[PDB]
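Below sits a lone chain in structure tokens, taken as the form solved without the named molecule.
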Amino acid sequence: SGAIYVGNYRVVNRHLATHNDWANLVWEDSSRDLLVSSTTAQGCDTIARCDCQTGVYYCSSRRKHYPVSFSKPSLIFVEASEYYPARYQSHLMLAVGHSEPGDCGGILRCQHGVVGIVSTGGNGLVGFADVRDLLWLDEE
């Protein structure tokens, strides 16, 4: 579990979005495993605006933050998981690291702020849904 809180937005994995999220929907994209809902309180997170490929992510199944190198966002085949069939996911970054289904929502951060959230795992990789291209998260 986990979310990003920026302005009056909450960014969650689409597959973990609640009824309240869907009832307050701003934007969602199944291909990216992202959903954004509206919030009452202002959030603490700053979104990175950069093409970093190094950062640190939170792994809830280890209670640990790990430094990782990660691929630039691209369109990647993902094998079946507990929460999706095998399918293509867009805007996905991969690193070598541990990720189980419950790790989804852990933040990946670089020197510029939040890069994305854990979205995929298995076969010794962790996949992150990028948010750095969502410039609208920083206004209105």
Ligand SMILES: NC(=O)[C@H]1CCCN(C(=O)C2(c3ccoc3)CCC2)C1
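If you superpose the two forms and keep the largest set of C-alpha atoms that fall within 1.5 Å, you have the rigid core. We number the residues from 1 along the sequence you see.
The discussion below concerns the form solved in complex with the named molecule, not included here.
- For this ligand-free form, the site is classified blocked because the named molecule, superimposed from its arrangement in the deposited bound form, has three or more atoms within 2.4 Å of the backbone and C-beta atoms.
- When the named molecule is considered in the deposited bound form, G43 lies well away from it, no heavy atom lying within 4.5 Å.
- Residues of 90-122 that come within 4.5 Å of the named molecule in the deposited bound form, judged by any heavy atom, are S99, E100, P101, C104, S119, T120, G121, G122 in sequence order.
- After superposition on the rigid core, the C-alpha displacement between the shown form and the other one reaches 2 Å or more for just one residue among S71, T39, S81, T46, namely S81.
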